[PDB]
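Colleague: The structure under discussion is supplied below as structure tokens; questions concerning it will follow.
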Amino acid sequence: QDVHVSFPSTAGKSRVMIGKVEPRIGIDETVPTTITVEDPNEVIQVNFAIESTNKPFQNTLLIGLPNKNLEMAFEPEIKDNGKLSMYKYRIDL
Amino acid sequence: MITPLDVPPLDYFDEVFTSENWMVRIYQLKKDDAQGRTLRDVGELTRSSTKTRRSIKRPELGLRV
Amino acid sequence: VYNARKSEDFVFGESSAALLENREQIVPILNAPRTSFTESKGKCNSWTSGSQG
């Protein structure tokens with residue numbers, strides 16, 4: 001994560017599951033944008049996207065409504081071996 | 001036969017009258033606290049806790065609406 | 001408490017945020033700028049998130 005790139009795989013697990021997982025791209029450029037992936041596994045719907053251009057010190061995921069100040073930050077699960085570093089966010093709805 | 005280690009204290013009510021032979025006890029609902037905290041926390045505040053010992057911790061309260 | 005007629009800045013040299021209980025009496029006035037966090041010299045957990053402090 002220091003001198004190498006990384007990969008983010010936000011997984012949205014759900015005991016009660018009802019989701020559509022839409023996406024849009026209209027914002028100022030932060031030099032990191034990639035398309036998300038999908039899956040059809042049992043109770044794990046991984047989403048793969050590589051926006052790991054810049055150097056991380058903080059690495060957090062905010063979930064909620066920003067217009068009414070309802071946010072929730074989640075803890076990353078980083079795995080760095082050798083030169084390859086990866087992230088893992090686990091969201092439980 | 002009962003003992004004072006029985007009869008847990010009363011943190012929402014307070015007695016205002018008790019007859020001579022202790023027949024008819026009259027209690028009052030004391031008003032809810034001004035700072036919004038529950039009255040058992042006022043009761044455990046004002047006594048028995050905690051030997052001038054503290055603890056500092058992430059209070060695990062969720063999120064504000 | 002205060003309503004800004006126009007956009008302005010408010011300086012905060014070094015600060016500390018507060019986690020708030022969901023009581024009726026508490027009147028929030030200003031918010032952490034939604035991209036902030038807390039750190040310590042010790043290896044403790046982060047106190048508040050971005051916009052909840």
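FYI, nothing fancy with the structure tokens labels: chains A, B, ... in order, residues from 1 per chain, ligands from 1 as they appear.
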List the spatial neighbours of stretch 4-13 of chain A as a PyMOL selection string - criterion: any atom at most 12 Å away, only C-alpha atoms, same-chain residues fewer than 4 positions off excluded.
Modeller: chain A and resi 17-21+32-56+59-63+74-93
Colleague: Sorted by chain and rising residue number, which residues of chain B lie within 9 Å of chain C, and what are their closest atom pairs and distances in Å to one decimal, counting only C-alpha atoms, as CSV?
Modeller:
residue,atom,partner,partner_atom,distance
B:35,CA,C:25,CA,7.4
B:36,CA,C:25,CA,6.9
B:37,CA,C:23,CA,8.5
B:58,CA,C:47,CA,6.4
B:59,CA,C:19,CA,8.3
B:61,CA,C:21,CA,6.7
B:62,CA,C:21,CA,8.3
B:63,CA,C:52,CA,7.0
B:64,CA,C:22,CA,5.4
B:65,CA,C:22,CA,7.0
Colleague: Next, the residues of the selection above should be written as a PDB file, in the first residue's frame with N, CA and C atoms.
Modeller:
ATOM      1  N   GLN B  35     -31.618  16.914  33.200  1.00  0.00           N
ATOM      2  CA  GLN B  35     -30.632  16.664  32.156  1.00  0.00           C
ATOM      3  C   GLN B  35     -30.958  15.455  31.294  1.00  0.00           C
ATOM      4  N   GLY B  36     -32.136  14.866  31.443  1.00  0.00           N
ATOM      5  CA  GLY B  36     -32.608  13.841  30.547  1.00  0.00           C
ATOM      6  C   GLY B  36     -32.126  12.439  30.854  1.00  0.00           C
ATOM      7  N   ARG B  37     -31.195  12.273  31.788  1.00  0.00           N
ATOM      8  CA  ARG B  37     -30.732  10.933  32.104  1.00  0.00           C
ATOM      9  C   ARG B  37     -31.744  10.211  32.987  1.00  0.00           C
ATOM     10  N   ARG B  58     -14.255   4.365  24.544  1.00  0.00           N
ATOM     11  CA  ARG B  58     -15.165   4.568  23.424  1.00  0.00           C
ATOM     12  C   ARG B  58     -16.558   4.098  23.832  1.00  0.00           C
ATOM     13  N   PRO B  59     -17.528   5.007  23.963  1.00  0.00           N
ATOM     14  CA  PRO B  59     -18.760   4.694  24.701  1.00  0.00           C
ATOM     15  C   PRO B  59     -19.742   3.777  23.989  1.00  0.00           C
ATOM     16  N   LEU B  61     -22.028   4.028  21.492  1.00  0.00           N
ATOM     17  CA  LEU B  61     -23.389   4.538  21.583  1.00  0.00           C
ATOM     18  C   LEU B  61     -24.149   4.514  20.261  1.00  0.00           C
ATOM     19  N   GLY B  62     -23.522   4.130  19.172  1.00  0.00           N
ATOM     20  CA  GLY B  62     -24.207   4.074  17.884  1.00  0.00           C
ATOM     21  C   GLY B  62     -23.957   5.335  17.067  1.00  0.00           C
ATOM     22  N   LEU B  63     -25.031   6.034  16.709  1.00  0.00           N
ATOM     23  CA  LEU B  63     -24.923   7.246  15.912  1.00  0.00           C
ATOM     24  C   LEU B  63     -26.084   8.171  16.244  1.00  0.00           C
ATOM     25  N   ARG B  64     -25.858   9.474  16.103  1.00  0.00           N
ATOM     26  CA  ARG B  64     -26.922  10.443  16.316  1.00  0.00           C
ATOM     27  C   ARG B  64     -27.735  10.627  15.043  1.00  0.00           C
ATOM     28  N   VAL B  65     -29.057  10.556  15.181  1.00  0.00           N
ATOM     29  CA  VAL B  65     -29.996  10.780  14.088  1.00  0.00           C
ATOM     30  C   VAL B  65     -29.889  12.192  13.521  1.00  0.00           C
TER      31      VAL B  65
END
Colleague: I need the residues in chain A that are strand (DSSP E or B) according to DSSP; give them as a list in words.
Modeller: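 DSSP on the backbone gives strand (DSSP E or B) at residues 9, 10, 11, 12, 13, 46, 47, 48, 61, 62, 65, 70, 73, 74, 79, 80, 81, 84, 85, 86, 89, 90, 91 and 92 of chain A.
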Colleague: Report as a Markdown table: every residue of chain C with an atom at most 10 Å from chain A, its closest pair of atoms, and their distance in Å to one decimal, counting only C-alpha atoms, with rows sorted by chain and ascending residue number.
Modeller:
| residue | atom | partner | partner_atom | distance |
| --- | --- | --- | --- | --- |
| C:31 | CA | A:69 | CA | 9.1 |
| C:34 | CA | A:69 | CA | 8.5 |
| C:35 | CA | A:62 | CA | 9.5 |
| C:36 | CA | A:58 | CA | 9.6 |
| C:37 | CA | A:58 | CA | 8.6 |
| C:48 | CA | A:73 | CA | 9.3 |
| C:49 | CA | A:73 | CA | 6.2 |
| C:50 | CA | A:73 | CA | 7.7 |
| C:51 | CA | A:69 | CA | 6.6 |
| C:52 | CA | A:71 | CA | 7.0 |
